[PDB]
There are 6 protein chains.
Amino acid sequence: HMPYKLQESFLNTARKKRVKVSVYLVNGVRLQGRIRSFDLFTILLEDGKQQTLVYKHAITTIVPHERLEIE
Amino acid sequence: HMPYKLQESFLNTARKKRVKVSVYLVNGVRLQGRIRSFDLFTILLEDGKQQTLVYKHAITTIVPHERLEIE
Amino acid sequence: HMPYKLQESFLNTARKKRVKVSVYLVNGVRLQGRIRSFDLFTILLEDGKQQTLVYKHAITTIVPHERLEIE
Amino acid sequence: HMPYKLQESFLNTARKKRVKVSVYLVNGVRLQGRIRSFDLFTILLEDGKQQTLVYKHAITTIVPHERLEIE
Amino acid sequence: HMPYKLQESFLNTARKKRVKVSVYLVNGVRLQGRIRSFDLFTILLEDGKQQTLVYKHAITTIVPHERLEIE
Amino acid sequence: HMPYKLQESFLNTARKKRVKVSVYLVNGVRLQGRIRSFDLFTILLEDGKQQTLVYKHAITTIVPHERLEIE
C-alpha cells in the first residue's frame, strides 16, 4: 500500500518514449516539444533545435500527444 | 486526536469510486474527468482516452460530481 | 513564549462550531460554506449537499460569518 | 553574526503595539486592521468587530500606519 | 566547489552599502527604497520615513540603482 | 539510476559558457542577459552594466540563445 511515484513515472515514460507533449503554463502559454530531461523542479523541453528549461511551478498541465502506458 | 489525512482520503475515494470530478485551475480553466492516479504533487485526470497530468499547485478547487463518503 | 497554532485553532473552531465562512481565492472567486474538515494543505467546504476540496495555496482570506472565540 | 528574525519581530511588534496596518494582496486588494495574532503561515486581522484570516502566501506587502521600532 | 550564497550576499551588500533598489512585484507594482533588513522570507524596505515589509514570494526582480560588488 | 541535476547543470553551463539567455516571467515580462551567478532560489542576470536579481519562483522558462551541451 505504498504511493506510486506518479509524476516521475509520467515524466520518465514520456521522456523514454520520446512522446511529444503540450505543456500549459499558469499564464495561458502552451509549449510543445519532447521532454529531454527533468529533475525535481524543472523540465527540459526540446523542439527540433530549441531548448527550453521550464519551471514546474509555472506549469498547470501536461498533455501527452500519445497515450502513455505509464511505467 | 490525530489529524485525519483529508486530501489523500478525498483523492483516493474519488479514484477508487471512479467519480467524475471538476478540477478548477488558478487561471479559471475547468477540467473534467476521473482521477486515475495521484501523488504528493500531481493528479492524473482521464477523460475517455485523454490523459492530463495536473500540478496541484495550479488547482484551486476539486468538486466531485457525486457525493463522496470519504474513506 | 511559544507560538500559538493560529491557523489550526481558527480552522478547528470554525469547524467545531459549524460557523459559515467566506473563502476568497487568489482569482477573486468567493466560496461559502462550512468547514467540514481540513488538513495541512486543504479545506473541505460543504454547502448543503455540495462538497468542495479547496487548496489552501489558492486562498487569500477566510472570513467567518460569526465571531470566533478561537479555542 | 546570526540572522535577526525580521518577519517575526515586525509582526510581533505591530501586534503588541496594536498598530494599524495595510496588508496588500497579490490580486490588488488592500486590507486594513490590527494584527491580532499570527503564526508561520497566517495572520489574523481584526477591524472593529470583523476577523479575517489572511494567508501569508497571498500577501505582497504590509505597511504599518505608525513607524515600528522593531523589537 | 561549494555554491556561493548569492541571494544573501546580494541583499546584505545592498543593505550594508545603503544602495537604493527597485523591487518589482508579480502584479507589476514597483517599490523603491533601501533594504534596511531581510530574513529568509521577507525584506524590509525603507523610503525616507515609510517602512514596508515585502514578502519575497511576491517579488519578481530586484534592480540596484548602483552596481553592487557583491561581498 | 540516479537523477541527474538538470537545473544546476543547465544554469552552470549557461553561466560558464557566458551564453545569453531569455528569462520569461509569470507576468509576461522577458528579461535578457547572461547568468552571472545563481543559487537555490535566485539568478543574477547581467546585461552590459545592469545587474538584476531574479527570483526563480517568478520564472516560467529560460531559453538559451545558443544550444547548451549540458555539462
# chains A, B, ... in the order shown; residues from 1 in each chain; ligands from 1
>>> calpha_fit_and_write(fixed="chain E", moving="chain A", output="mmCIF file with C-alpha atoms, in the first residue's frame")
data_model
loop_
_atom_site.group_PDB
_atom_site.id
_atom_site.type_symbol
_atom_site.label_atom_id
_atom_site.label_comp_id
_atom_site.auth_asym_id
_atom_site.auth_seq_id
_atom_site.Cartn_x
_atom_site.Cartn_y
_atom_site.Cartn_z
ATOM 1 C CA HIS A 1 33.256 23.738 -5.378
ATOM 2 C CA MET A 2 30.609 24.897 -2.957
ATOM 3 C CA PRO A 3 27.671 27.067 -4.063
ATOM 4 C CA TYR A 4 28.099 30.707 -3.096
ATOM 5 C CA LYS A 5 25.182 32.243 -1.177
ATOM 6 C CA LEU A 6 24.110 34.614 -3.956
ATOM 7 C CA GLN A 7 20.801 35.859 -2.555
ATOM 8 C CA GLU A 8 22.151 36.592 0.925
ATOM 9 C CA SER A 9 25.298 38.247 -0.422
ATOM 10 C CA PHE A 10 23.302 40.426 -2.829
ATOM 11 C CA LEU A 11 20.800 41.508 -0.168
ATOM 12 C CA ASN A 12 23.443 42.057 2.515
ATOM 13 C CA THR A 13 25.680 44.075 0.194
ATOM 14 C CA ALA A 14 22.765 46.289 -0.847
ATOM 15 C CA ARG A 15 21.881 46.656 2.840
ATOM 16 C CA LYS A 16 25.386 47.468 4.104
ATOM 17 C CA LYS A 17 26.131 49.896 1.269
ATOM 18 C CA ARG A 18 22.685 51.525 1.632
ATOM 19 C CA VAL A 19 22.123 51.248 -2.112
ATOM 20 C CA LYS A 20 18.695 52.278 -3.350
ATOM 21 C CA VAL A 21 16.885 49.427 -5.116
ATOM 22 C CA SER A 22 13.839 48.865 -7.274
ATOM 23 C CA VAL A 23 11.773 45.857 -6.173
ATOM 24 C CA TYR A 24 9.326 44.588 -8.793
ATOM 25 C CA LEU A 25 6.285 42.572 -7.733
ATOM 26 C CA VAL A 26 4.430 39.762 -9.513
ATOM 27 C CA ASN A 27 1.483 42.117 -10.109
ATOM 28 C CA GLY A 28 3.558 44.816 -11.832
ATOM 29 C CA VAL A 29 3.968 47.159 -8.841
ATOM 30 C CA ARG A 30 7.456 48.648 -8.445
ATOM 31 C CA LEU A 31 8.680 49.639 -4.978
ATOM 32 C CA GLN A 32 11.757 51.765 -4.306
ATOM 33 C CA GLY A 33 13.854 52.224 -1.205
ATOM 34 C CA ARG A 34 16.775 50.885 0.751
ATOM 35 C CA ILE A 35 16.927 47.370 2.159
ATOM 36 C CA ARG A 36 17.026 48.047 5.895
ATOM 37 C CA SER A 37 16.738 44.388 6.905
ATOM 38 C CA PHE A 38 15.954 40.988 5.453
ATOM 39 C CA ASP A 39 15.477 37.399 6.540
ATOM 40 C CA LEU A 40 14.636 34.073 4.913
ATOM 41 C CA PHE A 41 11.240 35.123 3.580
ATOM 42 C CA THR A 42 10.931 38.925 3.850
ATOM 43 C CA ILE A 43 12.675 42.210 3.056
ATOM 44 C CA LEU A 44 12.148 45.459 4.983
ATOM 45 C CA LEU A 45 12.243 48.407 2.612
ATOM 46 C CA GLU A 46 12.624 51.941 3.884
ATOM 47 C CA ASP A 47 11.984 55.085 1.846
ATOM 48 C CA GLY A 48 12.525 58.179 3.932
ATOM 49 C CA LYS A 49 10.114 57.625 6.800
ATOM 50 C CA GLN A 50 7.983 54.796 5.389
ATOM 51 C CA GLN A 51 8.586 51.130 6.219
ATOM 52 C CA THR A 52 7.304 48.326 4.005
ATOM 53 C CA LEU A 53 7.614 44.618 4.781
ATOM 54 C CA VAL A 54 7.863 42.790 1.436
ATOM 55 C CA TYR A 55 7.290 39.060 1.088
ATOM 56 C CA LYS A 56 9.927 37.563 -1.193
ATOM 57 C CA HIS A 57 7.342 35.220 -2.749
ATOM 58 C CA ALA A 58 5.725 38.345 -4.256
ATOM 59 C CA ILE A 59 8.965 39.691 -5.803
ATOM 60 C CA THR A 60 9.985 39.051 -9.390
ATOM 61 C CA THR A 61 13.242 41.048 -9.547
ATOM 62 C CA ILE A 62 15.435 43.436 -7.564
ATOM 63 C CA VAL A 63 17.431 46.013 -9.520
ATOM 64 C CA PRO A 64 20.075 48.008 -7.603
ATOM 65 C CA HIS A 65 20.498 51.663 -8.528
ATOM 66 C CA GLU A 66 24.289 51.350 -8.102
ATOM 67 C CA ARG A 67 26.419 48.434 -9.217
ATOM 68 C CA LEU A 68 26.969 46.019 -6.348
ATOM 69 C CA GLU A 69 30.405 44.498 -5.864
ATOM 70 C CA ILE A 70 28.840 41.515 -4.158
ATOM 71 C CA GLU A 71 30.595 40.630 -0.896
#
>>> select_by_dssp(residues="chain F", states="helix (DSSP H, G or I)", output="count of residues only")
14
>>> select_by_dssp(residues="chain F", states="strand (DSSP E)", output="ChimeraX atom specification")
/F:20-25,30-38,42-47,50-55,59-64
